[PDB]
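Structure below is final20.cif: mmCIF, N, CA and C atoms.
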```cif
data_target
loop_
_atom_site.label_atom_id
_atom_site.label_comp_id
_atom_site.auth_asym_id
_atom_site.auth_seq_id
_atom_site.Cartn_x
_atom_site.Cartn_y
_atom_site.Cartn_z
N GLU T 9 103.09 17.51 253.86
CA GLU T 9 104.17 18.37 253.27
C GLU T 9 104.77 17.74 252.01
N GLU T 10 104.77 16.41 251.92
CA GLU T 10 105.19 15.70 250.70
C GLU T 10 104.00 15.10 249.92
N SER T 11 102.82 15.11 250.53
CA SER T 11 101.60 14.83 249.78
C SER T 11 101.39 15.90 248.71
N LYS T 12 101.64 17.14 249.09
CA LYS T 12 101.34 18.26 248.22
C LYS T 12 102.44 18.37 247.17
N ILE T 13 103.71 18.25 247.57
CA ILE T 13 104.77 18.32 246.56
C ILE T 13 104.36 17.43 245.38
N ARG T 14 103.94 16.21 245.67
CA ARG T 14 103.57 15.24 244.65
C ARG T 14 102.45 15.73 243.73
N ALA T 15 101.27 15.92 244.32
CA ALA T 15 100.09 16.45 243.63
C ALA T 15 100.33 17.75 242.87
N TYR T 16 101.26 18.57 243.35
CA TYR T 16 101.50 19.91 242.77
C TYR T 16 102.39 19.79 241.56
N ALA T 17 102.96 18.60 241.38
CA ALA T 17 103.87 18.38 240.29
C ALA T 17 103.17 18.38 238.93
N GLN T 18 101.85 18.19 238.90
CA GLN T 18 101.05 18.39 237.67
C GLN T 18 100.30 19.72 237.82
N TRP T 19 100.57 20.66 236.91
CA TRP T 19 100.07 21.99 237.10
C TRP T 19 100.03 22.65 235.73
N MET T 20 99.16 23.64 235.64
CA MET T 20 99.03 24.42 234.42
C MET T 20 98.74 25.85 234.85
N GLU T 21 99.15 26.81 234.03
CA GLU T 21 98.67 28.17 234.19
C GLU T 21 98.36 28.68 232.80
N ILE T 22 97.15 29.21 232.61
CA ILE T 22 96.68 29.64 231.29
C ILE T 22 96.39 31.16 231.36
N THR T 23 96.99 31.91 230.46
CA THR T 23 96.82 33.36 230.49
C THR T 23 96.06 33.68 229.20
N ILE T 24 94.96 34.47 229.31
CA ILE T 24 94.15 34.92 228.16
C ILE T 24 94.30 36.42 228.05
N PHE T 25 94.84 36.88 226.91
CA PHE T 25 95.11 38.32 226.71
C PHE T 25 94.21 38.68 225.58
N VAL T 26 93.55 39.84 225.65
CA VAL T 26 92.48 40.16 224.70
C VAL T 26 92.67 41.55 224.17
N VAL T 27 92.12 41.76 222.98
CA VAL T 27 92.22 43.04 222.23
C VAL T 27 90.94 43.31 221.49
N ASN T 28 90.55 44.57 221.54
CA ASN T 28 89.48 45.17 220.76
C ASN T 28 88.04 44.90 221.22
N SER T 29 87.90 44.39 222.45
CA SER T 29 86.61 44.20 223.14
C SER T 29 86.90 43.82 224.58
N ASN T 30 85.88 43.77 225.43
CA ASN T 30 86.02 43.15 226.77
C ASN T 30 85.31 41.83 226.68
N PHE T 31 85.95 40.78 227.25
CA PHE T 31 85.47 39.43 227.14
C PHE T 31 85.23 38.90 228.54
N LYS T 32 84.44 37.81 228.61
CA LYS T 32 83.92 37.24 229.86
C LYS T 32 84.24 35.75 229.91
N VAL T 33 84.83 35.31 231.03
CA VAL T 33 85.00 33.85 231.29
C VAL T 33 83.69 33.26 231.81
N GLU T 34 83.24 32.12 231.26
CA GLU T 34 82.09 31.44 231.84
C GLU T 34 82.32 29.95 231.63
N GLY T 35 81.51 29.16 232.32
CA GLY T 35 81.53 27.74 232.08
C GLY T 35 82.74 27.00 232.71
N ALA T 36 83.51 27.65 233.59
CA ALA T 36 84.66 26.96 234.18
C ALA T 36 84.23 25.76 235.05
N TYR T 37 84.95 24.63 234.90
CA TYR T 37 84.70 23.48 235.70
C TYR T 37 85.96 22.68 235.86
N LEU T 38 85.92 21.77 236.83
CA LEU T 38 86.97 20.81 236.97
C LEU T 38 86.30 19.51 237.27
N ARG T 39 86.92 18.47 236.73
CA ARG T 39 86.65 17.08 237.10
C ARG T 39 87.70 16.53 238.04
N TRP T 40 88.92 16.98 237.92
CA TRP T 40 90.01 16.62 238.85
C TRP T 40 90.84 17.84 239.15
N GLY T 41 91.38 17.87 240.36
CA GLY T 41 92.22 18.90 240.87
C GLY T 41 91.51 20.09 241.42
N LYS T 42 92.24 21.19 241.53
CA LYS T 42 91.71 22.41 242.07
C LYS T 42 92.17 23.64 241.28
N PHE T 43 91.40 24.70 241.35
CA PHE T 43 91.81 25.97 240.85
C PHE T 43 92.46 26.67 242.02
N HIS T 44 93.33 27.62 241.70
CA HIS T 44 94.03 28.41 242.69
C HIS T 44 94.59 29.72 242.09
N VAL T 45 94.89 30.59 243.03
CA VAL T 45 95.41 31.93 242.72
C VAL T 45 96.72 31.69 242.02
N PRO T 46 96.91 32.31 240.85
CA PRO T 46 98.13 32.08 240.14
C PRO T 46 99.36 32.48 240.97
N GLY T 47 100.33 31.58 240.95
CA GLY T 47 101.53 31.70 241.78
C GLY T 47 101.45 31.17 243.20
N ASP T 48 100.31 30.67 243.64
CA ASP T 48 100.19 30.20 245.01
C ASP T 48 99.24 29.06 245.06
N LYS T 49 99.79 27.90 244.79
CA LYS T 49 99.06 26.64 244.79
C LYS T 49 98.36 26.31 246.11
N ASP T 50 98.72 26.98 247.21
CA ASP T 50 97.99 26.75 248.49
C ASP T 50 96.75 27.60 248.62
N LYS T 51 96.46 28.54 247.69
CA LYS T 51 95.32 29.41 247.83
C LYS T 51 94.21 29.03 246.78
N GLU T 52 93.34 28.11 247.17
CA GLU T 52 92.30 27.54 246.26
C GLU T 52 91.21 28.56 246.04
N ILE T 53 90.69 28.60 244.82
CA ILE T 53 89.52 29.39 244.48
C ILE T 53 88.54 28.39 243.76
N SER T 54 87.28 28.75 243.73
CA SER T 54 86.30 27.91 243.12
C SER T 54 86.08 28.30 241.67
N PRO T 55 85.46 27.41 240.88
CA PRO T 55 84.95 27.76 239.53
C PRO T 55 84.14 29.02 239.55
N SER T 56 83.30 29.15 240.60
CA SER T 56 82.43 30.31 240.67
C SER T 56 83.18 31.68 240.76
N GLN T 57 84.37 31.67 241.35
CA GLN T 57 85.23 32.86 241.39
C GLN T 57 85.88 33.23 240.05
N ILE T 58 86.00 32.25 239.16
CA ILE T 58 86.43 32.48 237.78
C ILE T 58 85.27 32.94 236.88
N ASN T 59 84.15 32.19 236.95
CA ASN T 59 83.04 32.46 236.10
C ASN T 59 82.50 33.87 236.30
N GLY T 60 82.28 34.59 235.20
CA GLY T 60 81.87 35.97 235.25
C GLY T 60 82.94 37.02 235.19
N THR T 61 84.19 36.58 235.26
CA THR T 61 85.36 37.46 235.22
C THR T 61 85.37 38.21 233.88
N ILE T 62 85.49 39.51 233.91
CA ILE T 62 85.63 40.24 232.67
C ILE T 62 87.12 40.50 232.43
N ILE T 63 87.63 40.19 231.21
CA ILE T 63 88.93 40.58 230.73
C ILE T 63 88.77 41.80 229.87
N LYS T 64 89.30 42.90 230.35
CA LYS T 64 89.23 44.16 229.57
C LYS T 64 90.19 44.25 228.40
N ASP T 65 89.82 45.06 227.42
CA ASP T 65 90.66 45.33 226.31
C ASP T 65 92.07 45.65 226.69
N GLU T 66 93.03 44.96 226.05
CA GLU T 66 94.50 45.08 226.24
C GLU T 66 94.98 44.63 227.61
N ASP T 67 94.14 43.86 228.34
CA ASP T 67 94.52 43.20 229.57
C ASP T 67 94.52 41.69 229.44
N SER T 68 95.12 41.04 230.43
CA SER T 68 95.00 39.59 230.46
C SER T 68 94.42 39.13 231.82
N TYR T 69 94.12 37.86 231.87
CA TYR T 69 93.69 37.21 233.16
C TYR T 69 94.23 35.79 233.10
N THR T 70 94.65 35.26 234.27
CA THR T 70 95.24 33.93 234.33
C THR T 70 94.40 33.06 235.20
N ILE T 71 94.23 31.85 234.72
CA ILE T 71 93.57 30.76 235.44
C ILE T 71 94.73 29.76 235.78
N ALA T 72 94.64 29.15 236.94
CA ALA T 72 95.69 28.21 237.33
C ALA T 72 95.06 27.04 238.02
N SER T 73 95.54 25.85 237.74
CA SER T 73 94.98 24.70 238.40
C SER T 73 96.10 23.71 238.56
N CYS T 74 96.05 22.87 239.60
CA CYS T 74 97.03 21.84 239.83
C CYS T 74 96.37 20.67 240.54
N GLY T 75 97.15 19.64 240.84
CA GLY T 75 96.58 18.55 241.60
C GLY T 75 96.18 18.92 243.00
N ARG T 76 95.21 18.17 243.53
CA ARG T 76 94.71 18.31 244.89
C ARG T 76 95.57 17.45 245.81
N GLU T 77 96.18 18.11 246.79
CA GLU T 77 96.85 17.45 247.90
C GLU T 77 96.09 16.21 248.45
N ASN T 78 96.75 15.05 248.42
CA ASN T 78 96.22 13.75 248.89
C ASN T 78 94.90 13.38 248.29
N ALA T 79 94.84 13.45 246.97
CA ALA T 79 93.62 13.13 246.30
C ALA T 79 93.92 12.90 244.84
N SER T 80 93.95 14.00 244.07
CA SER T 80 93.62 13.90 242.65
C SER T 80 94.69 13.41 241.69
N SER T 81 94.17 12.67 240.71
CA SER T 81 94.80 12.45 239.43
C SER T 81 94.89 13.78 238.69
N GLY T 82 95.78 14.67 239.14
CA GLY T 82 96.19 15.83 238.37
C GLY T 82 95.07 16.86 238.25
N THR T 83 94.99 17.48 237.07
CA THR T 83 93.94 18.46 236.77
C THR T 83 93.28 18.13 235.43
N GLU T 84 91.98 18.27 235.40
CA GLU T 84 91.17 18.03 234.20
C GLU T 84 89.99 18.98 234.31
N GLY T 85 89.82 19.79 233.27
CA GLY T 85 88.75 20.82 233.34
C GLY T 85 88.66 21.59 232.03
N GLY T 86 87.95 22.74 232.13
CA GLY T 86 87.76 23.61 230.98
C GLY T 86 87.04 24.90 231.35
N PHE T 87 86.90 25.77 230.33
CA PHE T 87 86.17 27.03 230.47
C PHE T 87 85.92 27.55 229.08
N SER T 88 85.11 28.58 229.00
CA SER T 88 84.65 29.20 227.76
C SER T 88 84.83 30.71 227.84
N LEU T 89 85.01 31.32 226.69
CA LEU T 89 85.14 32.81 226.73
C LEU T 89 84.12 33.34 225.78
N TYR T 90 83.50 34.41 226.20
CA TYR T 90 82.44 35.05 225.43
C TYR T 90 82.82 36.53 225.14
N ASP T 91 82.18 37.09 224.12
CA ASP T 91 82.26 38.55 223.81
C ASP T 91 80.77 38.94 223.80
N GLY T 92 80.28 39.50 224.91
CA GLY T 92 78.84 39.71 225.06
C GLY T 92 78.13 38.36 225.12
N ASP T 93 77.15 38.18 224.27
CA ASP T 93 76.42 36.91 224.20
C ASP T 93 77.00 35.92 223.14
N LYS T 94 78.14 36.24 222.57
CA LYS T 94 78.74 35.48 221.49
C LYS T 94 79.82 34.56 222.11
N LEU T 95 79.70 33.26 221.87
CA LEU T 95 80.75 32.32 222.33
C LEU T 95 81.96 32.43 221.36
N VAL T 96 83.16 32.75 221.89
CA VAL T 96 84.35 32.93 221.11
C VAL T 96 85.16 31.61 221.07
N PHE T 97 85.42 31.01 222.21
CA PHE T 97 86.14 29.66 222.28
C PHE T 97 85.76 28.85 223.50
N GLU T 98 86.01 27.57 223.37
CA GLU T 98 85.87 26.59 224.45
C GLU T 98 87.26 25.99 224.58
N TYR T 99 87.74 25.91 225.84
CA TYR T 99 89.01 25.27 226.07
C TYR T 99 88.85 24.08 227.05
N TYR T 100 89.70 23.06 226.90
CA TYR T 100 89.62 21.82 227.75
C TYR T 100 90.98 21.25 227.85
N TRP T 101 91.32 20.76 229.05
CA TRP T 101 92.61 20.14 229.30
C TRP T 101 92.41 18.86 230.16
N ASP T 102 93.32 17.91 229.97
CA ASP T 102 93.31 16.70 230.75
C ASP T 102 94.75 16.42 230.99
N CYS T 103 95.21 16.70 232.20
CA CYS T 103 96.58 16.58 232.61
C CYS T 103 96.63 15.67 233.85
N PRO T 104 96.63 14.38 233.60
CA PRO T 104 96.44 13.36 234.63
C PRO T 104 97.70 13.13 235.44
N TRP T 105 97.53 12.60 236.64
CA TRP T 105 98.66 12.29 237.52
C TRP T 105 99.59 11.26 236.83
N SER T 106 99.01 10.20 236.25
CA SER T 106 99.77 9.21 235.49
C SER T 106 99.12 9.10 234.12
N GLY T 107 99.80 9.65 233.12
CA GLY T 107 99.28 9.64 231.76
C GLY T 107 99.81 10.82 230.96
N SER T 108 99.35 10.93 229.72
CA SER T 108 99.83 11.99 228.84
C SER T 108 98.85 13.17 228.90
N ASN T 109 99.43 14.36 228.99
CA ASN T 109 98.68 15.65 228.89
C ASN T 109 98.00 15.69 227.54
N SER T 110 96.74 16.15 227.51
CA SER T 110 96.11 16.57 226.29
C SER T 110 95.30 17.86 226.52
N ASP T 111 95.03 18.53 225.42
CA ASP T 111 94.06 19.66 225.49
C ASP T 111 93.31 19.83 224.21
N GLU T 112 92.46 20.84 224.16
CA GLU T 112 91.69 21.05 222.96
C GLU T 112 91.12 22.42 223.08
N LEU T 113 91.35 23.20 222.04
CA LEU T 113 90.81 24.60 221.90
C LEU T 113 89.90 24.64 220.72
N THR T 114 88.63 24.86 220.98
CA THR T 114 87.60 24.93 220.00
C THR T 114 87.25 26.40 219.75
N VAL T 115 87.60 26.93 218.55
CA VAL T 115 87.25 28.32 218.27
C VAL T 115 85.91 28.32 217.59
N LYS T 116 85.02 29.13 218.12
CA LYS T 116 83.62 29.08 217.69
C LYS T 116 83.28 30.16 216.66
N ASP T 117 84.06 31.24 216.63
CA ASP T 117 83.83 32.25 215.59
C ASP T 117 85.15 32.68 215.03
N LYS T 118 85.63 31.95 214.04
CA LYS T 118 86.90 32.27 213.40
C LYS T 118 86.82 33.51 212.51
N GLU T 119 85.60 33.82 212.06
CA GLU T 119 85.37 34.90 211.13
C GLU T 119 85.61 36.23 211.81
N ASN T 120 85.19 36.38 213.05
CA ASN T 120 85.20 37.70 213.74
C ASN T 120 86.37 37.88 214.74
N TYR T 121 87.07 36.78 215.08
CA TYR T 121 88.11 36.74 216.08
C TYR T 121 89.34 35.92 215.60
N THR T 122 90.50 36.43 215.87
CA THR T 122 91.71 35.68 215.77
C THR T 122 92.04 35.15 217.16
N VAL T 123 92.06 33.83 217.25
CA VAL T 123 92.35 33.20 218.50
C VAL T 123 93.53 32.26 218.35
N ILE T 124 94.59 32.50 219.09
CA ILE T 124 95.88 31.74 219.00
C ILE T 124 96.38 31.21 220.36
N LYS T 125 96.62 29.87 220.43
CA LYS T 125 97.24 29.30 221.62
C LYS T 125 98.76 28.93 221.43
N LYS T 126 99.55 29.21 222.45
CA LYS T 126 100.97 28.83 222.54
C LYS T 126 101.09 28.01 223.80
N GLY T 127 101.95 26.97 223.78
CA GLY T 127 101.97 26.00 224.88
C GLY T 127 100.78 25.06 224.78
N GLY T 128 100.64 24.14 225.72
CA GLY T 128 99.46 23.27 225.73
C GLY T 128 99.72 22.07 224.82
N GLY T 129 98.67 21.32 224.47
CA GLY T 129 98.82 20.17 223.60
C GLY T 129 99.31 19.06 224.49
N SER T 130 100.34 18.35 224.02
CA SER T 130 100.88 17.13 224.66
C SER T 130 102.40 17.18 224.99
N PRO T 131 102.85 18.12 225.86
CA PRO T 131 104.22 18.06 226.33
C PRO T 131 104.46 16.91 227.32
N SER T 132 105.72 16.70 227.68
CA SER T 132 106.06 15.75 228.73
C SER T 132 105.74 16.38 230.07
N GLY T 133 105.84 15.57 231.13
CA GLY T 133 105.81 16.08 232.52
C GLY T 133 104.63 17.00 232.81
N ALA T 134 104.90 18.10 233.51
CA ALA T 134 103.81 19.04 233.88
C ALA T 134 103.32 19.83 232.65
N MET T 135 102.02 20.00 232.57
CA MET T 135 101.44 20.80 231.48
C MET T 135 102.07 22.18 231.31
N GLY T 136 102.24 22.93 232.37
CA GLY T 136 103.04 24.15 232.26
C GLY T 136 102.23 25.41 231.95
N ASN T 137 102.88 26.39 231.34
CA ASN T 137 102.29 27.69 231.03
C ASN T 137 101.66 27.64 229.62
N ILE T 138 100.47 28.22 229.47
CA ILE T 138 99.76 28.22 228.19
C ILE T 138 99.27 29.68 228.05
N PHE T 139 99.21 30.16 226.82
CA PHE T 139 98.93 31.55 226.46
C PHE T 139 97.92 31.49 225.35
N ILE T 140 96.77 32.19 225.52
CA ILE T 140 95.80 32.39 224.41
C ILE T 140 95.61 33.91 224.21
N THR T 141 95.77 34.37 223.00
CA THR T 141 95.47 35.69 222.53
C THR T 141 94.15 35.63 221.77
N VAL T 142 93.38 36.70 221.97
CA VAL T 142 92.16 36.82 221.34
C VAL T 142 92.07 38.29 220.81
N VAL T 143 91.89 38.43 219.53
CA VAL T 143 91.80 39.73 218.87
C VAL T 143 90.48 39.77 218.15
N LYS T 144 89.57 40.65 218.57
CA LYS T 144 88.33 40.93 217.76
C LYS T 144 88.78 41.71 216.52
N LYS T 145 88.48 41.17 215.34
CA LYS T 145 88.95 41.73 214.10
C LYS T 145 88.32 43.12 213.91
N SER T 146 89.18 44.04 213.45
CA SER T 146 88.79 45.41 213.06
C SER T 146 88.50 45.43 211.56
N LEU T 147 87.31 45.84 211.17
CA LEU T 147 86.92 45.80 209.74
C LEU T 147 87.91 46.56 208.83
N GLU T 148 88.38 47.72 209.28
CA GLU T 148 89.20 48.57 208.44
C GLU T 148 90.53 47.90 208.19
N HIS T 149 90.91 46.97 209.06
CA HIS T 149 92.15 46.19 208.82
C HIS T 149 91.89 44.88 208.14
N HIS T 150 90.88 44.13 208.61
CA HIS T 150 90.68 42.75 208.14
C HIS T 150 89.67 42.59 206.95
N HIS T 151 88.73 43.53 206.81
CA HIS T 151 87.69 43.44 205.77
C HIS T 151 87.01 42.10 205.78
N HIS T 152 86.50 41.75 206.95
CA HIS T 152 86.15 40.38 207.20
C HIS T 152 84.64 40.18 207.15
N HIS T 153 83.86 41.20 206.77
CA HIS T 153 82.44 40.96 206.67
C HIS T 153 82.07 40.20 205.41
N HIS T 154 82.78 40.42 204.32
CA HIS T 154 82.46 39.69 203.08
C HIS T 154 83.74 39.04 202.55
#
```
Render the structure in this file as structure tokens.
Amino acid sequence: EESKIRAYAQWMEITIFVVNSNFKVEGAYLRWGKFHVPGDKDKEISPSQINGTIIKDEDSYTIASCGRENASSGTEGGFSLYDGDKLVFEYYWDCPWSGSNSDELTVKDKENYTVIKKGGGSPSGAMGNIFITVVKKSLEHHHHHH
């Protein structure tokens, strides 16, 4: 009952909201901690339950991970988002039990997508809530082919 309070003290929730296409989560993994149903750290889900998830246009989806009860140095992992067969971004976080939070968002097609993260990086204490927006550029607005 106090093993978990401790381990749960390092936690993140990442919400991906998308516009102008349907996108797919793939490549989710963890090296430390567990994934779980957002809002309920006692309900673990696997990478495989995340991978393949489609985020529909004008919807979001949240991934959540925290420390493992009586085990882990916090949470450390990542995932990738695709638009069909096109890799849009790779995300990675390392939020250790004892140490400084870090992350990294690698945008793979800046030309066709606007991808913006809020939260994340290197805050104190628990990693916390992180938000990524992804907008597939509309030619009539962005004129982004040339």
*Which residue, T:114, T:29, T:23, T:11, has the smallest gap to residue 69 in chain T when you use all atoms listed in the file?*
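The shortest atom-to-atom distance to residue 69 in chain T comes from T:23.
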_Test item: the PyMOL selection byres ((chain T and resi 138) around 7) resolved as JSON, numbers by chain_ = {"T": [20, 21, 22, 23, 24, 125, 126, 127, 128, 135, 136, 137, 139, 140]}
The PyMOL selection byres (((chain T and resi 59 and name CA) around 9) and name CA) applied to the shown file, residues as a PDB file with N, CA and C atoms, in the frame of the given file:
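Saved the output as part-v6.pdb:
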```
ATOM      1  N   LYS T  32      84.440  37.810 228.610  1.00  0.00           N
ATOM      2  CA  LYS T  32      83.920  37.240 229.860  1.00  0.00           C
ATOM      3  C   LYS T  32      84.240  35.750 229.910  1.00  0.00           C
ATOM      4  N   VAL T  33      84.830  35.310 231.030  1.00  0.00           N
ATOM      5  CA  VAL T  33      85.000  33.850 231.290  1.00  0.00           C
ATOM      6  C   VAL T  33      83.690  33.260 231.810  1.00  0.00           C
ATOM      7  N   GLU T  34      83.240  32.120 231.260  1.00  0.00           N
ATOM      8  CA  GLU T  34      82.090  31.440 231.840  1.00  0.00           C
ATOM      9  C   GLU T  34      82.320  29.950 231.630  1.00  0.00           C
ATOM     10  N   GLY T  35      81.510  29.160 232.320  1.00  0.00           N
ATOM     11  CA  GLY T  35      81.530  27.740 232.080  1.00  0.00           C
ATOM     12  C   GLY T  35      82.740  27.000 232.710  1.00  0.00           C
ATOM     13  N   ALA T  36      83.510  27.650 233.590  1.00  0.00           N
ATOM     14  CA  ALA T  36      84.660  26.960 234.180  1.00  0.00           C
ATOM     15  C   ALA T  36      84.230  25.760 235.050  1.00  0.00           C
ATOM     16  N   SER T  54      87.280  28.750 243.730  1.00  0.00           N
ATOM     17  CA  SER T  54      86.300  27.910 243.120  1.00  0.00           C
ATOM     18  C   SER T  54      86.080  28.300 241.670  1.00  0.00           C
ATOM     19  N   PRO T  55      85.460  27.410 240.880  1.00  0.00           N
ATOM     20  CA  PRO T  55      84.950  27.760 239.530  1.00  0.00           C
ATOM     21  C   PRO T  55      84.140  29.020 239.550  1.00  0.00           C
ATOM     22  N   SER T  56      83.300  29.150 240.600  1.00  0.00           N
ATOM     23  CA  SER T  56      82.430  30.310 240.670  1.00  0.00           C
ATOM     24  C   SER T  56      83.180  31.680 240.760  1.00  0.00           C
ATOM     25  N   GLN T  57      84.370  31.670 241.350  1.00  0.00           N
ATOM     26  CA  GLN T  57      85.230  32.860 241.390  1.00  0.00           C
ATOM     27  C   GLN T  57      85.880  33.230 240.050  1.00  0.00           C
ATOM     28  N   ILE T  58      86.000  32.250 239.160  1.00  0.00           N
ATOM     29  CA  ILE T  58      86.430  32.480 237.780  1.00  0.00           C
ATOM     30  C   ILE T  58      85.270  32.940 236.880  1.00  0.00           C
ATOM     31  N   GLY T  60      82.280  34.590 235.200  1.00  0.00           N
ATOM     32  CA  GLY T  60      81.870  35.970 235.250  1.00  0.00           C
ATOM     33  C   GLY T  60      82.940  37.020 235.190  1.00  0.00           C
ATOM     34  N   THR T  61      84.190  36.580 235.260  1.00  0.00           N
ATOM     35  CA  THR T  61      85.360  37.460 235.220  1.00  0.00           C
ATOM     36  C   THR T  61      85.370  38.210 233.880  1.00  0.00           C
ATOM     37  N   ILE T  62      85.490  39.510 233.910  1.00  0.00           N
ATOM     38  CA  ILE T  62      85.630  40.240 232.670  1.00  0.00           C
ATOM     39  C   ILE T  62      87.120  40.500 232.430  1.00  0.00           C
ATOM     40  N   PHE T  87      86.900  25.770 230.330  1.00  0.00           N
ATOM     41  CA  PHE T  87      86.170  27.030 230.470  1.00  0.00           C
ATOM     42  C   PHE T  87      85.920  27.550 229.080  1.00  0.00           C
TER      43      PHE T  87
END
```
*Can you list what the PyMOL selection byres ((chain T and resi 122) around 5) grabs from this structure, as a list in words?*
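After applying the PyMOL selection byres ((chain T and resi 122) around 5), what remains is residues 120, 121, 123, 124, 142 and 143 of chain T.
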If you take all atoms listed in the file and a cut-off of 7 Å, which residues of range 64-146 of chain T touch range 39-49 of chain T, and what are their nearest atom pairs and distances in Å to one decimal, in chain and number order, as JSON lines?
```
{"residue": "T:70", "atom": "C", "partner": "T:46", "partner_atom": "N", "distance": 6.2}
{"residue": "T:71", "atom": "C", "partner": "T:46", "partner_atom": "CA", "distance": 6.0}
{"residue": "T:72", "atom": "C", "partner": "T:44", "partner_atom": "N", "distance": 4.1}
{"residue": "T:73", "atom": "CA", "partner": "T:42", "partner_atom": "C", "distance": 4.2}
{"residue": "T:74", "atom": "C", "partner": "T:42", "partner_atom": "N", "distance": 4.3}
{"residue": "T:75", "atom": "CA", "partner": "T:41", "partner_atom": "CA", "distance": 4.4}
{"residue": "T:76", "atom": "N", "partner": "T:41", "partner_atom": "CA", "distance": 4.1}
{"residue": "T:80", "atom": "CA", "partner": "T:41", "partner_atom": "N", "distance": 5.1}
{"residue": "T:81", "atom": "C", "partner": "T:41", "partner_atom": "N", "distance": 5.6}
{"residue": "T:82", "atom": "C", "partner": "T:41", "partner_atom": "N", "distance": 4.4}
{"residue": "T:83", "atom": "CA", "partner": "T:40", "partner_atom": "C", "distance": 4.0}
{"residue": "T:84", "atom": "C", "partner": "T:39", "partner_atom": "N", "distance": 3.9}
{"residue": "T:85", "atom": "CA", "partner": "T:39", "partner_atom": "N", "distance": 4.5}
{"residue": "T:86", "atom": "N", "partner": "T:39", "partner_atom": "N", "distance": 6.4}
```
Write out as an mmCIF file with N, CA and C atoms, in the coordinates of the input each polymer residue whose atoms come within 10 Å of residue 119 in chain T, counting only C-alpha atoms; drop sequence neighbours fewer than 4 positions from it.
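Result file follows (out-v3.cif):
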```
data_model
loop_
_atom_site.group_PDB
_atom_site.id
_atom_site.type_symbol
_atom_site.label_atom_id
_atom_site.label_comp_id
_atom_site.auth_asym_id
_atom_site.auth_seq_id
_atom_site.Cartn_x
_atom_site.Cartn_y
_atom_site.Cartn_z
ATOM 1 N N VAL T 115 87.600 26.930 218.550
ATOM 2 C CA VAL T 115 87.250 28.320 218.270
ATOM 3 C C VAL T 115 85.910 28.320 217.590
ATOM 4 N N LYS T 144 89.570 40.650 218.570
ATOM 5 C CA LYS T 144 88.330 40.930 217.760
ATOM 6 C C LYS T 144 88.780 41.710 216.520
ATOM 7 N N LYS T 145 88.480 41.170 215.340
ATOM 8 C CA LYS T 145 88.950 41.730 214.100
ATOM 9 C C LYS T 145 88.320 43.120 213.910
ATOM 10 N N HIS T 150 90.880 44.130 208.610
ATOM 11 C CA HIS T 150 90.680 42.750 208.140
ATOM 12 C C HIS T 150 89.670 42.590 206.950
ATOM 13 N N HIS T 152 86.500 41.750 206.950
ATOM 14 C CA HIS T 152 86.150 40.380 207.200
ATOM 15 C C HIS T 152 84.640 40.180 207.150
ATOM 16 N N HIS T 153 83.860 41.200 206.770
ATOM 17 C CA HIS T 153 82.440 40.960 206.670
ATOM 18 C C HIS T 153 82.070 40.200 205.410
ATOM 19 N N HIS T 154 82.780 40.420 204.320
ATOM 20 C CA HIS T 154 82.460 39.690 203.080
ATOM 21 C C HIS T 154 83.740 39.040 202.550
#
```
_Considering only strand (DSSP E) as DSSP defines it on the backbone, what residues of range 44-122 of chain T qualify? List them as a PyMOL selection string._
chain T and resi 44+52-53+62-63+68-74+83-91+94-103+110-115+121-122
